[PDB]
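Structure first, commentary second.
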Amino acid sequence: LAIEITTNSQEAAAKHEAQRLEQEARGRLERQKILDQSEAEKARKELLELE
Amino acid sequence: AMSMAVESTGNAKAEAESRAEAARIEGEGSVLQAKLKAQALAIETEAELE
């Protein structure tokens with residue numbers, strides 16, 4: 001049992017690392033999403049003034 | 001926000017200037033319509049005067 005509990009510990013650490021990578025990549029992806037939306041609506045300016 | 005500003009400007013600006021610049025046409029209509037009815041009514045009235 002005490003071998004299996006440390007297997008649980010190491011796999012829990014791995015899951016923690018996986019969720020950390022998930023959330024950081026996801027946050028950077030919202031970062032580039034915000035950049036892309038801001039840039040697209042930067043040209044949506046000229047589109048809409050001359051519209 | 002300054003985007004939505006430019007759409008709002010364009011929309012309200014366009015509608016209002018269309019109405020005003022059409023009112024220019026009804027205005028010149030009034031101008032020369034008064035000018036024409038002037039002499040028109042003038043000749044009816046000076047023909048009924050005798």
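By convention here, the chains of the structure tokens are called A, B, ... in the order presented, each chain's residues are numbered starting at 1, and ligands are numbered starting at 1 in the order presented.
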Can you check which residues of chain B have any atom within 12 Å of chain A? Use only C-alpha atoms and format it as a PyMOL selection string.
-> chain B and resi 1-11+13-14
Serialized selection, C-alpha atoms, as a PDB file, in the first residue's frame:
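Output below, filename part_33.pdb:
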ATOM      1  CA  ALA B   1     -14.786  52.588 -27.770  1.00  0.00           C
ATOM      2  CA  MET B   2     -13.538  55.179 -30.244  1.00  0.00           C
ATOM      3  CA  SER B   3     -14.600  52.674 -32.898  1.00  0.00           C
ATOM      4  CA  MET B   4     -18.203  52.658 -31.646  1.00  0.00           C
ATOM      5  CA  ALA B   5     -17.773  56.428 -31.524  1.00  0.00           C
ATOM      6  CA  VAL B   6     -16.992  56.495 -35.234  1.00  0.00           C
ATOM      7  CA  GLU B   7     -19.990  54.305 -36.170  1.00  0.00           C
ATOM      8  CA  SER B   8     -22.302  56.439 -34.011  1.00  0.00           C
ATOM      9  CA  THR B   9     -20.924  59.624 -35.581  1.00  0.00           C
ATOM     10  CA  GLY B  10     -21.351  58.233 -39.075  1.00  0.00           C
ATOM     11  CA  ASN B  11     -24.905  57.017 -38.515  1.00  0.00           C
ATOM     12  CA  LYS B  13     -24.304  62.427 -38.899  1.00  0.00           C
ATOM     13  CA  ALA B  14     -25.523  60.770 -42.106  1.00  0.00           C
TER      14      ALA B  14
END
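Pairwise distance (atom CA of residue B:28, atom CA of residue B:43) equals 22.9 Å.
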One decimal, Å: what's the distance from atom CA of residue B:16 over to atom CA of residue B:29, could you say?
->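 Rounded to one decimal, the two atoms are 19.8 Å apart.
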